[PDB]
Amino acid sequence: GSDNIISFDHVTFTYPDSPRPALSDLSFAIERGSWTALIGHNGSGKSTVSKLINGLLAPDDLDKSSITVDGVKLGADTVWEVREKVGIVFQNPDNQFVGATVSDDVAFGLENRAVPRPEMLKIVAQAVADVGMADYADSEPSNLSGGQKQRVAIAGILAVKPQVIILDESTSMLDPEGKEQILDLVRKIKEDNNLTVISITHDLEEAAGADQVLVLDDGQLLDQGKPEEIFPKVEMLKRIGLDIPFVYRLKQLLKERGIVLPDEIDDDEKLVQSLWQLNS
């Protein structure tokens, strides 16, 4: 008990066609205000987590499981309440665009919430600005890069003021500068709004920066902890099939060269200073 916004409790889920559960007795919390990352391989139960947090997928035994978002228990009567609280940027940049233009696409959620139009104009302008899309305020998605359309998705998510933003493989199809753009922007949004980010990813750099990293293996929670705690455990992740971020790899290689560095070093800047201090 430490002020968690999301608490996944005893969730099992079998895709309807598939024979086996995609998630088995999975329980985890999300510390309010954190940026935690979910990572996993082949078992890819994380691909199921976002659509469960927000309600698109139900669990298997609603009597035994319970998801809770911002104090609201996810149920039949509260699905929409909860979706106001948990906003999701999704993987494919196109196919997330409803509107024929940027501004229309941001306006969609306000419309869904019956926001009086004079408010909407102000809101859509502010969001589209906050993502640096005012040059393309009236542009058609067929003329926008994937980096832009991920920004525009982010913007429409922003206009509804959610309590948690999930990036559900949101950088996975983007050019690396686009990955940094989208990551920086969601960091800026998180600071400027005191939000929580759930990142569902295979970008180990992305998860390297998370306050918390949960490891998912075959639909169960293999391990969980700060990146400085999780990513040094090279053997565990290698067996799951996961890699590790660049810094933890360079540290491990240096170890295979004989040079041993501590676990707490977890940063480009920290490491540079470490090797600096060794040469003097």
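Residue indices: 1-based, along the sequence shown.
Peer 1: On average, are the C-alpha B-factors higher in 235-243 or in 30-38?
Peer 2: Higher mean C-alpha B-factor in the PDB entry: 235-243.
Peer 1: Which of the two stretches, 169-177 or 78-86, shows the higher mean Cα temperature factor in the record?
Peer 2: Of 78-86 and 169-177, the stretch with the higher C-alpha B-factor average is 169-177.
Peer 1: With respect to C-alpha B-factor, does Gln212 fall in the lowest, middle or highest third of the chain as deposited?
Peer 2: CA B-factor rank for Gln212: middle third.
Peer 1: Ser44's Cα B-factor: lowest, middle or highest third of the chain?
Peer 2: Highest third of the chain for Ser44's C-alpha B-factor.
Peer 1: Should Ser65 be placed in the lowest, middle or highest third of its chain by the C-alpha B factor in the entry?
Peer 2: Middle third, going by the recorded CA B-factors of the chain.
Peer 1: State the tercile, meaning the lowest, middle or highest third, of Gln252 with respect to the CA B-factors recorded for its chain.
Peer 2: For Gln252, the deposited C-alpha B-factor lands in the highest third.
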